[PDB]
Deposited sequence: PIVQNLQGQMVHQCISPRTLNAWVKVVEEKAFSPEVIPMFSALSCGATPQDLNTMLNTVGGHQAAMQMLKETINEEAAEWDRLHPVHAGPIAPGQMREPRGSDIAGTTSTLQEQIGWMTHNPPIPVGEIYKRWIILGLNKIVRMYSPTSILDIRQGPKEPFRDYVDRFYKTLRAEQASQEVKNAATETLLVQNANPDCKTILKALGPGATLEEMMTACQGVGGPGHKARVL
């Protein structure tokens, strides 16, 4: 990544590398994997981002979907930012493929990211990757919120956990009280109805405790 000390390039650490590999091995593409990726790739160059994605073994259906998303965003970038035999020793303008690190060198990437003003190719590429990762999360979300209904003897708290877990995956962690009540079991629904509208989640959970 690029870090302070002056802004200088640093090697990706074994700790960072292992942390990413392990979270994928344990969590696959549960929603919480996205903010972990984002956090672990803080200051990342496009090379660093490709490194992290490449260290993943398996999950290749998802990674191909990721590739396709990246290619679309790169095509759109080029449409919005067309580049014009470059002047000797001068910084060239990055194309989509340069941002994704397929046609740019590390030194070029460092040049853009540390320029004044910077062309933040690390942040732009991360944005495309996170967009692709959110799509994978939505695809792999196993259950519709319509099918999350409280069991006859399921504690209300356990039901609320499932409801908001499902909502998070279906929306890729991007921001329902009435539906929560509607999908509650008849005993807790009666109690929640009696609370009326404007009840907080805390109050609803206390009531069905």
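- Stretches of the deposited sequence absent from the structure, as judged by C-alpha coordinates, are 6 to 8, 88 to 89, 181 to 185, 220 to 231.
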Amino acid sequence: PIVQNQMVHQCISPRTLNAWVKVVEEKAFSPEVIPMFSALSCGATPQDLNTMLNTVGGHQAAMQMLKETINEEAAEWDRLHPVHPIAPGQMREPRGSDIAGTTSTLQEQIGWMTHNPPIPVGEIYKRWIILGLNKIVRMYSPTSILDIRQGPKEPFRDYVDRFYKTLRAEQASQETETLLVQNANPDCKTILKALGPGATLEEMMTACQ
From here on, numbers count along this sequence of modelled residues.
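Here, rigid core means the biggest group of C-alpha atoms that superpose within 1.5 Å across both forms.
- Here 178 to 186 and 46 to 54 are scored by the root mean square distance of their C-alpha atoms in 6 other deposited structures of this protein, with each structure fitted by the rigid core; the higher score goes to 178 to 186.
- Notably, residue 139 is never a gap: all other compared entries of this protein, restricted to those modelling both its neighbours, have coordinates for it, so the one-third criterion is not met.
- Among the other PDB entries of this protein that were compared and that flank it with modelled residues, residue 90 is left unmodelled in a third or more.
- For the segment pair 30 to 38 and 166 to 174, the entry gives 166 to 174 the higher mean B-factor, averaged over Cα atoms.
- In this entry, the higher average B-factor at the C-alpha atoms falls on 73 to 81, of the pair 126 to 134 and 73 to 81.
- Placement of the Cα temperature factor of residue 13 within the chain: middle third of the modelled residues, per the deposited record.
- For residue 67, the recorded CA B-factor ranks within the middle third of the chain. Only modelled residues enter the ranking.
- In the deposited entry, the Cα temperature factor of residue 106 places it in the middle third of its chain's modelled residues.
- Among the modelled residues of its chain, residue 152 has a C-alpha B-factor that falls in the highest third, as given in the PDB entry.
- Per-chain ranking of the deposited C-alpha B factor places residue 191 in the middle third.
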